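Asks: To start, I am sharing the structure in question, which I have written as structure tokens.
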Number of protein chains: 2
Amino acid sequence: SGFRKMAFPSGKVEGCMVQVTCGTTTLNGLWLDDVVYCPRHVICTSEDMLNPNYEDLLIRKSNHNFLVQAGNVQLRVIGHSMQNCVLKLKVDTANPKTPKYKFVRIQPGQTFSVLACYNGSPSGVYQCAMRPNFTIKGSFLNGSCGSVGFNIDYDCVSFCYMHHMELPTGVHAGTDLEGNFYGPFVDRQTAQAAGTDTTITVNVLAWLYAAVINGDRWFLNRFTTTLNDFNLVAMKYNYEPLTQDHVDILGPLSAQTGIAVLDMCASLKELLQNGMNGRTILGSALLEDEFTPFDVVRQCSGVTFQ
Amino acid sequence: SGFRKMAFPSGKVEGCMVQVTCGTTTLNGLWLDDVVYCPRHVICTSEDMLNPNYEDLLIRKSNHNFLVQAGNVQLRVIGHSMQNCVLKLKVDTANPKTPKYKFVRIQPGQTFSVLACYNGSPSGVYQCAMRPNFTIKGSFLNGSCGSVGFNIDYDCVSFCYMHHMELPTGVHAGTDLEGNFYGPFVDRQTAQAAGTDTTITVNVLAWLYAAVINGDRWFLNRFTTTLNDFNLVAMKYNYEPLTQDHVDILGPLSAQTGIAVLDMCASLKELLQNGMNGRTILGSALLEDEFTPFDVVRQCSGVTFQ
């Protein structure tokens, strides 16, 4: 037993990381089949980033201006194109380590693993949630752009995130692998409002179920509630409103533990109104919202991949 | 910027995981060169585990009784031997994916990444600390035995942990890769006292330095203290005593932030005596002790591997 914030095994993604250099700028790229994907701001100088015209900047580049290094191996760049905020560099070699993969646009509240990379080399792996305001709270130093976020389904890697930006507030923003930003953000060094974030209620409930499964049950209370009454409480505490779809997704955890979803909502209501009194749940002194219901079920059933 | 509990990239270890079956029991093994390492209790039935005589049980086994599956590939077992609490199965094929590696016995308070595995297949990766009482607080379901913990130094994997047991208290115990348990534990299904645990003081201090580097500085106080005065406080709160060796290890973080180690100790003293007042540090409402000074420096300098 036990419950940890667990990332997917990263080996299938490690074999796809490359270094991309354009002029003075080096960041990470993702090499799948004969295409390398990277943030288009690889073509910007530091001064360009204040107000870049990406079309004009890209027109000054040719295939031979993009240096792509796969460890020590090398890709000859035979074409380049811009798709939204990503650059797509066609190379003359298909990546022999290309896993089965899909490109996915995830929903706010969903989780994924990030492989943090510098100079095309993997540094570490950790699990994130896409915040309701479409930021992520990551660990990204200079040179980490182009690092990717992903999920695994047995043998298939679904890439969902590519890192582009740290906002002046220190949170992180990026795109799907078609180059569309999550949220209102742009790839420009300017002030950008993220807007109010909220707590992922269905994830908190899933984690309460995980706590009960592992024997942490002190928070189980005496009360029940209604969907509308609980949502009145959710709004006061900046929690996402709970819908019937969320209730349905929690169904299997409800059935395993014998705790009706609305009873768990009343326990969560009491935790929100009264705090945790210096107690902990699964080793945390805060309510955790970075595990989806699917995450909890997977960890409490031992699903494997490759 | 930002600070996350980050695991090492797991790909080099993924390529070493195999399934080991003996009779009814299947768990994980680690395939390096022409040797597969696994917990010796792979030879036990459920009833054996109550009081096993491993020497007598192993005498009833021959090479062909050990089924080792590397995905779909297979190792012919050509020899077997017991080294302390691990079984060493000699196979006729060297693992073509064997990384550069060492076997290391780590110290309490040190950290490592665990690749949780079932049936020889990787499930997830997370970062752990070896508690002062030589347990780890992991996520290990049935069938996870033989999963390993490791660190990476550029291209070299130092294996430090192999999972053997969940104690009746729900914490986890295991061996180094020579089969020697960390702590007083034995591979028998019986009640086993772990003994009092303590908080890893030098790790908490490292994480306070990481917090300051990332802009969380509200806890920085007005006071200083002495090593002996702080240790008086450490003992009251079940913290490990801080030594000069620990002070020396924190030297580089002290120098980067301009905060003398003893000043940070006085900030930690105030946090211990007054709590956190409903504030958070690096997103946590508890004092975190699972980052070593080396961990903090690595994450705030972007060291990479392969």
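In the structure tokens, chains take the letters A, B, ... in the order shown, each chain's residues start at 1, and ligands count up from 1 in the order shown.
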Compute the set of chain B residues within 6 Å of chain A, using only C-alpha atoms, and express it as a ChimeraX atom specification.
Replies: /B:1-4,6-11,121-126,138-141,285,304-305
Asks: Just the residues within 9 Å of residue 186 (chain A), please, counting only C-alpha atoms, with nothing from its chain fewer than 4 positions along; format it as a PDB file with N, CA, C and O atoms, in the first residue's frame.
Replies:
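The resulting selection_11.pdb:
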```
ATOM      1  N   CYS A  85       2.400  28.011 -32.496  1.00  0.00           N
ATOM      2  CA  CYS A  85       3.565  28.462 -31.743  1.00  0.00           C
ATOM      3  C   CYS A  85       4.701  27.440 -31.744  1.00  0.00           C
ATOM      4  O   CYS A  85       5.666  27.601 -30.981  1.00  0.00           O
ATOM      5  N   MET A 165       7.159  29.122 -21.596  1.00  0.00           N
ATOM      6  CA  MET A 165       7.278  30.414 -20.925  1.00  0.00           C
ATOM      7  C   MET A 165       7.218  30.277 -19.410  1.00  0.00           C
ATOM      8  O   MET A 165       6.498  29.430 -18.868  1.00  0.00           O
ATOM      9  N   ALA A 173       3.771  28.332 -18.589  1.00  0.00           N
ATOM     10  CA  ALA A 173       2.782  28.257 -19.654  1.00  0.00           C
ATOM     11  C   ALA A 173       3.397  27.613 -20.881  1.00  0.00           C
ATOM     12  O   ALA A 173       4.605  27.706 -21.116  1.00  0.00           O
ATOM     13  N   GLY A 174       2.536  26.981 -21.670  1.00  0.00           N
ATOM     14  CA  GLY A 174       2.992  26.195 -22.791  1.00  0.00           C
ATOM     15  C   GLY A 174       1.855  25.823 -23.717  1.00  0.00           C
ATOM     16  O   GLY A 174       0.727  26.303 -23.582  1.00  0.00           O
ATOM     17  N   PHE A 181      -1.354  27.498 -27.498  1.00  0.00           N
ATOM     18  CA  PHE A 181      -1.202  27.700 -26.065  1.00  0.00           C
ATOM     19  C   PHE A 181      -2.411  27.170 -25.306  1.00  0.00           C
ATOM     20  O   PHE A 181      -3.551  27.230 -25.773  1.00  0.00           O
ATOM     21  N   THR A 190       6.172  39.737 -22.053  1.00  0.00           N
ATOM     22  CA  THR A 190       5.383  40.868 -21.606  1.00  0.00           C
ATOM     23  C   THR A 190       4.563  40.402 -20.415  1.00  0.00           C
ATOM     24  O   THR A 190       4.480  39.205 -20.123  1.00  0.00           O
ATOM     25  N   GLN A 192       1.520  39.194 -18.487  1.00  0.00           N
ATOM     26  CA  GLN A 192       0.389  38.389 -18.938  1.00  0.00           C
ATOM     27  C   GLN A 192      -0.400  37.923 -17.728  1.00  0.00           C
ATOM     28  O   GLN A 192       0.147  37.241 -16.856  1.00  0.00           O
TER      29      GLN A 192
END
```
Asks: Please provide as a ChimeraX atom specification all residues within 7 Å of residue 159 (chain B), with the sequence filter that same-chain residues fewer than 6 positions apart are discarded (counting only C-alpha atoms).
Replies: /B:102-104,149-151,177
Asks: Only C-alpha atoms, please: the residues just picked out, written as a PDB file, in the first residue's frame.
Replies:
```
ATOM      1  CA  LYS B 102      27.376   0.628  -9.293  1.00  0.00           C
ATOM      2  CA  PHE B 103      25.883  -0.922  -6.176  1.00  0.00           C
ATOM      3  CA  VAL B 104      25.795   1.579  -3.324  1.00  0.00           C
ATOM      4  CA  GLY B 149      15.725   2.569  -5.924  1.00  0.00           C
ATOM      5  CA  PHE B 150      18.595   4.368  -7.585  1.00  0.00           C
ATOM      6  CA  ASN B 151      20.480   7.592  -8.263  1.00  0.00           C
ATOM      7  CA  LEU B 177      21.787  -4.837  -3.822  1.00  0.00           C
TER       8      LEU B 177
END
```
Asks: Between A:130, A:75, A:281, A:59, which has the minimum distance to residue 212 (chain A) (counting only C-alpha atoms)?
Replies: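 Counting only C-alpha atoms, the residue closest to residue 212 (chain A) is A:281.
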Asks: Going by DSSP on the backbone, which residues of region 210-295 of chain B come out as alpha helix (DSSP H)? List them as a PyMOL selection string.
Replies: chain B and resi 210-213+227-236+244-249+251-257+261-274+293-295
Asks: Could you check the closest approach to residue 146 (chain A) for each of A:64, A:105, A:40, A:246 and tell me which residue wins, using only C-alpha atoms?
Replies: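 Under the stated criterion, the closest residue is A:40.
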Asks: What lies within 9 Å of residue 242 (chain B) using only C-alpha atoms, ignoring chain neighbours under 2 positions off, as a PyMOL selection string?
Replies: chain B and resi 201-202+227-228+230-231+234+239-240+244-247
Asks: When you count only C-alpha atoms, which of these residues is closest to residue 26 (chain B): B:73, B:68, B:58, B:213?
Replies: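 The closest residue to residue 26 (chain B) is B:68.
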Asks: Just the strand (DSSP E or B) stuff from region 18-255 of chain A, please, per backbone DSSP, written as a count of residues only.
Replies: 85
Asks: CA of residue 208 (chain A) and CA of residue 296 (chain A), how far apart in Å?
Replies: 9.7 Å
